[PDB]
Amino acid sequence: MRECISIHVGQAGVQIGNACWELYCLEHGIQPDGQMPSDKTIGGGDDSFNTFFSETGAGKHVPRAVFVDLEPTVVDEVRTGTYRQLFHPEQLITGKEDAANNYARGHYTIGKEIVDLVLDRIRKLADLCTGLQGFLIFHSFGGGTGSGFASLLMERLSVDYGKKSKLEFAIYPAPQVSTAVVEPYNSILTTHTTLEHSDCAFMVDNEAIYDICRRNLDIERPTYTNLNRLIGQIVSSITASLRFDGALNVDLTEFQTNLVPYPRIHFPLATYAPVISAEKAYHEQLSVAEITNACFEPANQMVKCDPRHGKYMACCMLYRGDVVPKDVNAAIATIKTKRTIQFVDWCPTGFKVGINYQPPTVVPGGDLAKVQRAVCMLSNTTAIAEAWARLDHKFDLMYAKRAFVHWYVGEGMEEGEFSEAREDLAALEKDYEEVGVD
Amino acid sequence: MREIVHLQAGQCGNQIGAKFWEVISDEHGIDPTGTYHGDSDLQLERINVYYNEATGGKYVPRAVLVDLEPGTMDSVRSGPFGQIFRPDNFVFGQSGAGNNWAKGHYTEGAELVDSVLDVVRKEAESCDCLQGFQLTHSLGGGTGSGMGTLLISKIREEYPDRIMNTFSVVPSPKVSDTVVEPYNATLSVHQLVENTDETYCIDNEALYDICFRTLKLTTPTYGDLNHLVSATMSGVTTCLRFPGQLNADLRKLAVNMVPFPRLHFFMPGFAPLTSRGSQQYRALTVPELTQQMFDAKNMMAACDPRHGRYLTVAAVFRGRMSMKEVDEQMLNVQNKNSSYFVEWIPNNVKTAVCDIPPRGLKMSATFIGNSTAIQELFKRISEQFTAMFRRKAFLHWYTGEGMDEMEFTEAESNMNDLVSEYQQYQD
Amino acid sequence: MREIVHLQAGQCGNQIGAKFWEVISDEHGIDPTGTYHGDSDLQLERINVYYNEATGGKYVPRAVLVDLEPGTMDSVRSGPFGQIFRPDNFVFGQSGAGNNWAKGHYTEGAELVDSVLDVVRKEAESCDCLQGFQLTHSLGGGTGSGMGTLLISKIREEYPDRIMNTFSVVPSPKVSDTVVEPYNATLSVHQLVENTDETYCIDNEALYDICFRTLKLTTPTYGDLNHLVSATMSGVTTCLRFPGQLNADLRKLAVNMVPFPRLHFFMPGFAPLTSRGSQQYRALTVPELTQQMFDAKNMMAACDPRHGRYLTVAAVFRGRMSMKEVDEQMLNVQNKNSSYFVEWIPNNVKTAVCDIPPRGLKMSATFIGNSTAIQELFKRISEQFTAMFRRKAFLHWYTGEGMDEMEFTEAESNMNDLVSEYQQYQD
Amino acid sequence: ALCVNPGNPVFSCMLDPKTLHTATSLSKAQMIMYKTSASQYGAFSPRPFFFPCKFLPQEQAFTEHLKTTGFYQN
Amino acid sequence: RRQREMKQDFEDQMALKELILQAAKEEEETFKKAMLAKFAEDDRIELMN
Ligand SMILES: Nc1nc2c(ncn2[C@@H]2O[C@H](COP(=O)(O)OP(=O)(O)OP(=O)(O)O)[C@@H](O)[C@H]2O)c(=O)[nH]1
Ligand SMILES: Nc1nc2c(ncn2[C@@H]2O[C@H](COP(=O)(O)OP(=O)(O)OP(=O)(O)O)[C@@H](O)[C@H]2O)c(=O)[nH]1
Ligand SMILES: Nc1nc2c(ncn2[C@@H]2O[C@H](COP(=O)(O)OP(=O)(O)OP(=O)(O)O)[C@@H](O)[C@H]2O)c(=O)[nH]1
């Protein structure tokens, strides 16, 4: 039927898996014990959880995700946390040595003897599932552990399972802020290894997420938790099509087919319009008009891209809540009549609407809004190549003076793979204006 | 699990490690007798990173004391934490060193290296998988440089895959007590640069000035200085034992601090230091910590990098912080002095935050620095060495010990090479 | 049921047996008066292996004390447990020893064998079914050599179907005190090899070294050394007296330890040896026990088997342990030194687990080994015998009692044969 | 006294830690000295309040009765 | 009623194992308490001699 398996690689990708699963357990009312109250929803594990959890005949919801990490610290608290009894002990795949921000160390030195266990994990999950539309891979380009380790597995899951989808979510490195200078090393290695195997890659940046917090959420001092709920709400919305129904229902296969125009480039942008503080929604009103203006406003996107600097190709809006097509198609018709929005003449239509009648709901102890009308904005534009244009001039200098090379060549690697990436990005960027040029 | 075995070398390290080890056991809350008072779950968990557990709730420190003179060791053993130190870990020689590097490197070391290697390996199988080792000693110390240079050589071939941390103190630039000290340091650093992967550089004169600046106590003890450096050395060790989102491994750190192999010398940096009245005239805020964190006076290592420029900077923050207040301040300091970094590398800052504050103070941090301020250091000793070697003062001893002028020739030639390489890359 | 009767001979074995015996009583908890203070059922249950019971709760030892000099026996009788031993069991002759092998072997023993054989057959009729005999004596001891060699020949024909255990000590290689001792040893070891089936080899020089090593108390008493060797013999006997899935019979062990008939000479091996602070500085774990168990410094019997290789190794473990840790520790040593055993036999280890910990400690073990380290022993005496047989020193005495050089020729010729025999099968 | 040699150069602690704790109406009293950045993820107990007022799950029992078996065929 | 029964006996079986586990850790430290006491008395008997 309609189910998938999520993947959370690296200490970077662990807390988001917690927060989302914590988020996911709320709307289903999942008690921390692991069972419902006296009311009847259990059975052969077939109900709203069956797409996400496995509440088998034993009666305990088993999340359909595997947490892989190499540094036992962070996994040790979470297995001593609150929902640890809900987590399968060794789906929390832990490791004993870090990748030390080294992409090759995380791909070669240690990934060999653990993937077979992980391959053993996925096959046990593969047999119990029925439809398994695809996978939800959560990672990071600047992965101290996520980068190297995920690269091997995504190769191996591709060769044995090449007929299903693989959905990729990753935090994109900050454009001008760099917490590491080996980050340009691994991130460029991740892209060239994934573009020929990754199905759909979705990226985001934290600084813009922070900007929203003190722009409209009015929080000058947020935390991870606020950020994790926001992206957790984002993945919750895209999975709401699976959990709920709507006027029409759309699946990731429809997204992939309609979003990516041509091979290689599969990197759209995500946005959530009704991001607002509690008091603003209190004495103001939300309707399809302003939220659509908000969702297309150049500063409400979480990626440092200027839309008027580029041109639009893909437009996907996922309406989760009480909306009606009457004002919807009228409002978007005005958006088509809008002159600033510059779609490519290649696509007369590029608009993918997904209606869901369930309103997004507040989380206990949360900071989000009180949403009756919401949109999950998936869009792709030519204004993105400058990020890699930012990456390459960052990379070419540091490669020219061959920084840190004694480290990487010390562990048995060479420059030929690094040379491969520079023309690959050159190939990637030149496609971007080629599809840009009409 | 991954752990560390520590080495107490040189007679200063006797003061260093003694203060250092109590600075650890105390804040895990073990009594001097050794019976741990179970109070903190996390320190009960991550005590195994440095200690093994004996019977009676007593965690044995996994360190080794080496010396030649019994009296220093007897004082340490008679200290409040001698009972937490082990007789088998007390290894020593039957000789007075004469504060001679060569005697401690060729004559006296010959019959002691065997036993210490037997001792250190016995703890090696006792543990499972080390990150490496750290060595508290001095580059200006006679027996320590004599012993340390020998050991760092031998430990390299046995375990060439671990972390060989070195903790050494630089003598007073003005006035060095030992007159043959420039000879000792020059010999030692020759092997040090070839053997070490990291080097902590600390100087006493700056420590005295810090007392004139913030301590203002006029008459402290040398142990108080040990207390300071142990606190700094404790801060860098907080990462490994403490949880919280910061990457602790020195190898997560070493690749981030070391651009090229020849870069081993690094300078410390510490967080709030406060005088009498300012203790209640200070509003602890991340900026004012950061302002105080980056102060030319709160420098304590060698000298002012104001003379040169900054290569790489890395600060670890200990307490209840968040990603933002460290984020904008890095942008603030980035824009405050953008030119005084090197255009070779942008974003040369690597930050880590420990959510577990020290026992009593909340808002704290530590800084490790690699700037272009070491040229003054070894150029200083360059005129010294050349001056004494110009007329080979204090030499008949070492020739009687069996040494020759040739060994020094490449040793200074190696040092002069480090002078150029630091100069070429920055200037 | 199957029992054991002890033999106490030689002026040394006069000392050891009492120390051995008082330990066993202290192990079993009998007061010096002899009225067992019943506290453990199992030690109550299996005291019958060595003791008979008199009237009123008095366990009489089934041991035989034999000597010539009264003052030793009077000191023994006035000892803490002389009241536990019988005047019936106090047999002696009417002559001084003079530390001559043949006087006790040909002259004095002739009128004393009748008495002891009557005594030992009386106690033989007292007991129902025997494993065999054990003899505590010395090979370098004049009275023990003469009587022991006599009785072992006599006991063979009367009961050739039992266990002829022998406990002898090798005199100090550096100095034998007794200058005629190499004659005494060569004569005895000649007679021993044909008549014996087991021989314990112990040398005192290692014991002094161990005292400097772990006892560390500088000045011990020889009785303390007896307390050391008795623990070795106690542990090998804990197998028989105590329950647990350990196969205890010496025959169960003998066929396991003895590949071929002439292999009688064996080395003991004992478990945790601990110094003043290490009693509460020791993490008593099966890995560290095996480490100290397989330490060349823990060697106490003759010398380091490092010079040779290992034929048969067998260690009995005493305490609350499990099969798996002893199994993995067993496989570690195979991987540790695979080349230092013989390719003749792999898996040369025999293991038995006594679940009953001793009184005073829990984790303990005993080791019995047959390694190729005895060549140095008799080859040492070979140069001794040849040089003294070269000019027949001190010979007019032995010609006086009725001996000839011809007996010496074959005794060393037999000795030379065993020199080669140990050589060929390993080298 | 849980002090090394109090008034030491770096800051020190003297007060009894076991009384430095605060609680929330939906949580338990916790040690303020040792509050970590990760324990917030499940710290609070839930109320029936922050739950949606509507539930429209997907019921598939009638599906699986005919999923478990092949469809009719001639 | 199959499921409710199998599930309820489980935490009962769960309840049974930590109680023998806590019984295991309490008894070992008493011997640990005992041994240090024996290490206490041996020091003080070394004192008078
Ligand atoms: N995805 C994710 N990213 C984070 C999180 N916290 C900080 N980040 C950012 O994401 C990056 C984390 O990547 P890494 O440091 O390589 O983590 P890792 O690959 O799992 O290996 P380690 O260095 O040992 O932690 C950092 O550079 C941060 O800027 C988080 O909780 N999740
Ligand atoms: N322990 C200790 N060392 C000090 C102190 N002040 C300065 N030092 C220096 O620390 C140095 C390192 O000690 P060691 O390496 O053990 O010196 P050594 O090999 O025994 O020979 P010397 O350097 O001549 O003392 C010494 O050379 C001293 O000059 C102090 O107050 N205590
Ligand atoms: N009792 C005892 N015997 C020792 C000691 N040290 C070495 N020995 C030797 O143990 C040997 C065995 O004693 P016996 O067999 O009774 O000696 P013996 O037949 O009376 O004749 P001698 O060997 O000359 O004394 C002696 O020869 C001593 O040389 C010791 O400390 N105590």
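The first residue you see is number 1, and the count goes up from there.
Recorded method is electron microscopy, 6.5 Å.
Each Cβ is built from the backbone N, Cα and C atoms, and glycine gets one as well.
The feature motif 'MREI motif' is assigned by Swiss-Prot to B:1-4. What Swiss-Prot lists as GTP binding site is B:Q11, B:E69, B:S138, B:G142, B:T143, B:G144, B:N204, B:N226, and the listing cites similarity to another entry. The phosphothreonine feature in Swiss-Prot is assigned to B:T55. Per Swiss-Prot, the feature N6-acetyllysine maps to B:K58. Sequence annotations record features per position, and here Swiss-Prot assigns Mg(2+) binding site to B:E69 based on similarity to another entry. Positions annotated as phosphoserine by Swiss-Prot: B:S172.
Taking the features listed in Swiss-Prot, we show where each one sits on the structure.
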residue : record           : Cβ contacts under 8 Å, 6 or more apart
B:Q11   : GTP binding site : B:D67, B:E69, B:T72, B:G141, B:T143, B:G144
B:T55   : phosphothreonine : none
B:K58   : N6-acetyllysine  : B:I30, B:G34, B:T35, B:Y36, B:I84
B:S138  : GTP binding site : B:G10, B:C12, B:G13, B:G144, B:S145, B:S168, B:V169, B:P171
B:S172  : phosphoserine    : B:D203, B:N204, B:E205
B:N226  : GTP binding site : B:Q15, B:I16, B:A18, B:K19, B:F20
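Filtering the recorded positions B:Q11, B:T55, B:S138, B:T143, B:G144, B:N226 for a Cβ under 8 angstroms from any Cβ of chain C leaves B:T55, in order along the sequence. Within 10 Å of the C-beta of B:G144 (GTP binding site) there are 31 other C-beta atoms, taking all protein chains into account.
Within the same chain, residues at least six positions away from B:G142 (GTP binding site) with a Cβ under 8 Å of its Cβ are B:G10, B:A97, B:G98, B:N99, B:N100, B:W101, B:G104, B:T178, B:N184.
Contact with chain E, taken as any Cβ pair under 8 Å, is found for the recorded positions B:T55 out of B:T55, B:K58, B:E69, B:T143. The sparsest Cβ neighbourhood within 10 Å, among the listed binding-site residues (B:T143, B:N204), is found at B:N204. With a CB cut-off of under 6 A applied against ligand 2, the binding-site residues B:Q11, B:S138, B:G142, B:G144, B:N226 are reduced to B:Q11, B:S138, B:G142, B:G144. Within the set B:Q11, B:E69, B:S138, B:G142, B:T143, B:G144, B:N204, B:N226 that the record links to GTP, no two Cα atoms are more than 23 Å apart, and one pair reaches that distance.
When secondary structure is read from DSSP and collapsed to three states, B:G144 (GTP binding site) falls in the helix class. Look at B:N226 (GTP binding site): DSSP puts it in a helix. Secondary structure by DSSP for the motif 'MREI motif' (B:1-4): 0 helix, 3 strand, 1 coil. For B:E69 (GTP binding site), the number of other Cβ atoms no farther than 10 Å from its own Cβ, over all displayed protein chains, is 15. For the recorded site, B:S138 (GTP binding site), the DSSP three-state label reads strand.
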